[PDB]
Amino acid sequence: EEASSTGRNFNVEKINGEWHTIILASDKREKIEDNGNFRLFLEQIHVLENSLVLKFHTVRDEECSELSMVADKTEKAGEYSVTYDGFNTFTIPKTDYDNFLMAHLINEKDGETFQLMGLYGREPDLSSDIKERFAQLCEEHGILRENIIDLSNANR
Ligand SMILES: CC[C@H](C)c1nccs1
């Protein structure tokens with residue numbers, strides 16, 4: 001079964017648990033490159049009543065560092081917000097709960113905005129068909145292939 005956080009049939013409780021960053025894409029490529037502060041490796045999502053606890057790690061020359069954030073529900077169904085290097089709001093355009101999850105985020109800081117989309121998996125890698133389906137969604141949002149980074153061999 002596939003759902004959108006924006007849909008009426010979305011069951012947030014089902015995204016609880018372990019996840020992995022598989023692919024990241026952005027409007028502004030430098031934010032997800034090597035020393036980018038948005039190059040985050042998701043490890044777990046803990047679902048709360050009106051919030052989402054997010055646990056990640058960042059990596060610098062293979063050294064990993066823990067990072068946690070709490071995203072709160074906004075007034076729009078299926079949308080959360082979190083303050084991190086500016087103000088961010090995000091939704092989950094597509095997920096099947098037990099395999100993949102696609103996220104869409106908009107960052108705003110000092111009159112400037114950029115978008116970030118990510119593909120996460122319950123396992124550290126996903127099939128090529130799902131990866132290509134993600135590339136197609138990125139295209140719909142105006143993000144081209146040169147700005148999509150597959151991190152499946154850098155996510156552990
Ligand atoms: C679900 C993961 C989303 C896209 C986030 N990345 C940075 C802050 S929230």
# chains A, B, ... in the order shown; residues from 1 in each chain; ligands from 1

call {"tool": "closest_atom_pairs", "arguments": {"of": "chain A", "to": "ligand 1", "cutoff": "7 Å", "atoms": "only C-alpha atoms and all ligand atoms", "output": "tab-separated table"}}
result
residue	atom	partner	partner_atom_place_in_ligand_line	distance
A:38	CA	ligand 1	7 (C)	5.9
A:40	CA	ligand 1	6 (N)	6.6
A:42	CA	ligand 1	2 (C)	6.7
A:82	CA	ligand 1	8 (C)	6.7
A:84	CA	ligand 1	8 (C)	6.6
A:88	CA	ligand 1	8 (C)	6.9
A:90	CA	ligand 1	4 (C)	6.5
A:103	CA	ligand 1	4 (C)	5.2
A:104	CA	ligand 1	4 (C)	6.0
A:105	CA	ligand 1	4 (C)	5.4
A:116	CA	ligand 1	4 (C)	6.7
A:117	CA	ligand 1	4 (C)	6.3
A:118	CA	ligand 1	4 (C)	5.9

call {"tool": "residues_around", "arguments": {"residues": "residue 54 of chain A", "least_positions_apart": "6", "cutoff": "8 Å", "atoms": "only C-alpha atoms", "output": "PyMOL selection string"}}
result
chain A and resi 42-46+68-71

call {"tool": "write_last_selection", "arguments": {"atoms": "N, CA, C and O atoms", "output": "mmCIF file, in the first residue's frame"}}
result
data_model
loop_
_atom_site.group_PDB
_atom_site.id
_atom_site.type_symbol
_atom_site.label_atom_id
_atom_site.label_comp_id
_atom_site.auth_asym_id
_atom_site.auth_seq_id
_atom_site.Cartn_x
_atom_site.Cartn_y
_atom_site.Cartn_z
ATOM 1 N N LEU A 42 19.671 9.749 7.952
ATOM 2 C CA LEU A 42 18.563 9.412 8.838
ATOM 3 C C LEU A 42 18.747 8.004 9.409
ATOM 4 O O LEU A 42 19.161 7.074 8.700
ATOM 5 N N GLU A 43 18.461 7.839 10.695
ATOM 6 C CA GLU A 43 18.614 6.525 11.295
ATOM 7 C C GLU A 43 17.324 6.046 11.905
ATOM 8 O O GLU A 43 17.039 4.851 11.887
ATOM 9 N N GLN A 44 16.552 6.969 12.461
ATOM 10 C CA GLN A 44 15.281 6.592 13.041
ATOM 11 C C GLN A 44 14.277 7.706 13.162
ATOM 12 O O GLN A 44 14.631 8.879 13.257
ATOM 13 N N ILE A 45 13.008 7.317 13.122
ATOM 14 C CA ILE A 45 11.910 8.247 13.271
ATOM 15 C C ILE A 45 11.093 7.700 14.424
ATOM 16 O O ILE A 45 10.774 6.511 14.469
ATOM 17 N N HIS A 46 10.785 8.569 15.376
ATOM 18 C CA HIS A 46 9.975 8.170 16.524
ATOM 19 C C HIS A 46 8.753 9.054 16.407
ATOM 20 O O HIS A 46 8.849 10.280 16.496
ATOM 21 N N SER A 68 20.125 14.921 16.756
ATOM 22 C CA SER A 68 18.691 14.668 16.901
ATOM 23 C C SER A 68 17.947 15.991 16.727
ATOM 24 O O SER A 68 18.497 17.056 16.998
ATOM 25 N N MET A 69 16.707 15.909 16.252
ATOM 26 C CA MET A 69 15.855 17.077 16.009
ATOM 27 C C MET A 69 14.420 16.673 16.269
ATOM 28 O O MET A 69 14.073 15.500 16.153
ATOM 29 N N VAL A 70 13.578 17.645 16.592
ATOM 30 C CA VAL A 70 12.172 17.355 16.790
ATOM 31 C C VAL A 70 11.405 18.242 15.826
ATOM 32 O O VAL A 70 11.564 19.461 15.838
ATOM 33 N N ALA A 71 10.613 17.620 14.959
ATOM 34 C CA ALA A 71 9.808 18.359 13.988
ATOM 35 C C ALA A 71 8.372 18.369 14.490
ATOM 36 O O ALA A 71 7.850 17.335 14.915
#

call {"tool": "residues_around", "arguments": {"residues": "residue 47 of chain A", "least_positions_apart": "5", "cutoff": "7 Å", "atoms": "only C-alpha atoms", "output": "ChimeraX atom specification"}}
result
/A:13,16,52-53

call {"tool": "select_by_dssp", "arguments": {"residues": "segment 26-152 of chain A", "states": "alpha helix (DSSP H)", "output": "list in words"}}
result
residues 128, 129, 130, 131, 132, 133, 134, 135, 136, 137, 138, 139 and 140 of chain A

call {"tool": "closest_residue", "arguments": {"among": "A:61, A:18, A:96, A:112", "to": "residue 154 of chain A", "atoms": "only C-alpha atoms"}}
result
A:61

call {"tool": "closest_residue", "arguments": {"among": "A:155, A:5, A:26, A:107", "to": "residue 95 of chain A", "atoms": "only C-alpha atoms"}}
result
A:5

call {"tool": "residues_around", "arguments": {"residues": "residue 49 of chain A", "least_positions_apart": "5", "cutoff": "10 Å", "atoms": "only C-alpha atoms", "output": "ChimeraX atom specification"}}
result
/A:12-13,72-73

call {"tool": "residues_around", "arguments": {"residues": "residue 2 of chain A", "least_positions_apart": "5", "cutoff": "10 Å", "atoms": "only C-alpha atoms", "output": "PDB file with N, CA and C atoms, in the first residue's frame"}}
result
ATOM      1  N   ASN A   9      -5.757   8.813   3.871  1.00  0.00           N
ATOM      2  CA  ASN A   9      -5.477   7.451   4.318  1.00  0.00           C
ATOM      3  C   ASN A   9      -4.078   7.230   4.911  1.00  0.00           C
ATOM      4  N   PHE A  10      -3.369   8.313   5.223  1.00  0.00           N
ATOM      5  CA  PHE A  10      -2.025   8.214   5.793  1.00  0.00           C
ATOM      6  C   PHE A  10      -2.047   7.742   7.249  1.00  0.00           C
ATOM      7  N   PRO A  93       5.631  12.994   0.296  1.00  0.00           N
ATOM      8  CA  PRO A  93       4.856  12.741  -0.924  1.00  0.00           C
ATOM      9  C   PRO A  93       4.508  11.277  -1.169  1.00  0.00           C
ATOM     10  N   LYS A  94       5.407  10.375  -0.788  1.00  0.00           N
ATOM     11  CA  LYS A  94       5.158   8.964  -1.035  1.00  0.00           C
ATOM     12  C   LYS A  94       5.928   8.008  -0.144  1.00  0.00           C
ATOM     13  N   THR A  95       5.237   6.976   0.318  1.00  0.00           N
ATOM     14  CA  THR A  95       5.857   5.961   1.152  1.00  0.00           C
ATOM     15  C   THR A  95       4.996   4.716   1.100  1.00  0.00           C
ATOM     16  N   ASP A  96       5.615   3.558   1.261  1.00  0.00           N
ATOM     17  CA  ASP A  96       4.839   2.333   1.275  1.00  0.00           C
ATOM     18  C   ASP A  96       5.001   1.733   2.667  1.00  0.00           C
ATOM     19  N   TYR A  97       5.575   2.534   3.567  1.00  0.00           N
ATOM     20  CA  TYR A  97       5.797   2.172   4.973  1.00  0.00           C
ATOM     21  C   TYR A  97       6.857   1.123   5.296  1.00  0.00           C
ATOM     22  N   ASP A  98       6.798  -0.038   4.656  1.00  0.00           N
ATOM     23  CA  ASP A  98       7.791  -1.050   4.989  1.00  0.00           C
ATOM     24  C   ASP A  98       8.998  -1.154   4.053  1.00  0.00           C
ATOM     25  N   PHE A 100      10.156   1.971   1.391  1.00  0.00           N
ATOM     26  CA  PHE A 100      10.736   3.255   1.070  1.00  0.00           C
ATOM     27  C   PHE A 100       9.908   4.429   1.592  1.00  0.00           C
ATOM     28  N   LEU A 101      10.518   5.606   1.597  1.00  0.00           N
ATOM     29  CA  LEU A 101       9.850   6.831   2.032  1.00  0.00           C
ATOM     30  C   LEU A 101      10.505   7.972   1.284  1.00  0.00           C
TER      31      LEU A 101
END

call {"tool": "closest_residue", "arguments": {"among": "A:140, A:99, A:57, A:50", "to": "residue 80 of chain A", "atoms": "only C-alpha atoms"}}
result
A:50

call {"tool": "closest_residue", "arguments": {"among": "A:64, A:32, A:77, A:126", "to": "residue 114 of chain A", "atoms": "only C-alpha atoms"}}
result
A:32

call {"tool": "closest_residue", "arguments": {"among": "A:109, A:39, A:60, A:28", "to": "residue 142 of chain A", "atoms": "only C-alpha atoms"}}
result
A:28

call {"tool": "atom_distance", "arguments": {"atom1": "atom CA of residue 113 of chain A", "atom2": "atom CA of residue 55 of chain A"}}
result
23.9 Å

call {"tool": "residues_around", "arguments": {"residues": "residue 152 of chain A", "least_positions_apart": "3", "cutoff": "7 Å", "atoms": "only C-alpha atoms", "output": "list in words"}}
result
residues 22, 124, 125 and 155 of chain A

call {"tool": "write_last_selection", "arguments": {"atoms": "N, CA, C and O atoms", "output": "mmCIF file, in the first residue's frame"}}
result
data_model
loop_
_atom_site.group_PDB
_atom_site.id
_atom_site.type_symbol
_atom_site.label_atom_id
_atom_site.label_comp_id
_atom_site.auth_asym_id
_atom_site.auth_seq_id
_atom_site.Cartn_x
_atom_site.Cartn_y
_atom_site.Cartn_z
ATOM 1 N N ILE A 22 19.068 7.078 1.353
ATOM 2 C CA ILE A 22 19.513 6.371 0.156
ATOM 3 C C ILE A 22 19.969 7.372 -0.908
ATOM 4 O O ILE A 22 21.084 7.266 -1.431
ATOM 5 N N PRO A 124 19.536 -0.433 3.935
ATOM 6 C CA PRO A 124 20.516 0.544 3.438
ATOM 7 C C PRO A 124 20.569 0.743 1.908
ATOM 8 O O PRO A 124 21.367 1.539 1.415
ATOM 9 N N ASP A 125 19.756 0.011 1.157
ATOM 10 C CA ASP A 125 19.732 0.185 -0.303
ATOM 11 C C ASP A 125 18.350 -0.179 -0.810
ATOM 12 O O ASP A 125 17.606 -0.894 -0.145
ATOM 13 N N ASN A 155 26.268 5.502 3.358
ATOM 14 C CA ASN A 155 25.337 5.626 4.463
ATOM 15 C C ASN A 155 25.475 4.815 5.753
ATOM 16 O O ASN A 155 24.603 4.891 6.632
#

call {"tool": "closest_residue", "arguments": {"among": "A:91, A:27, A:79, A:11", "to": "residue 148 of chain A", "atoms": "only C-alpha atoms"}}
result
A:27
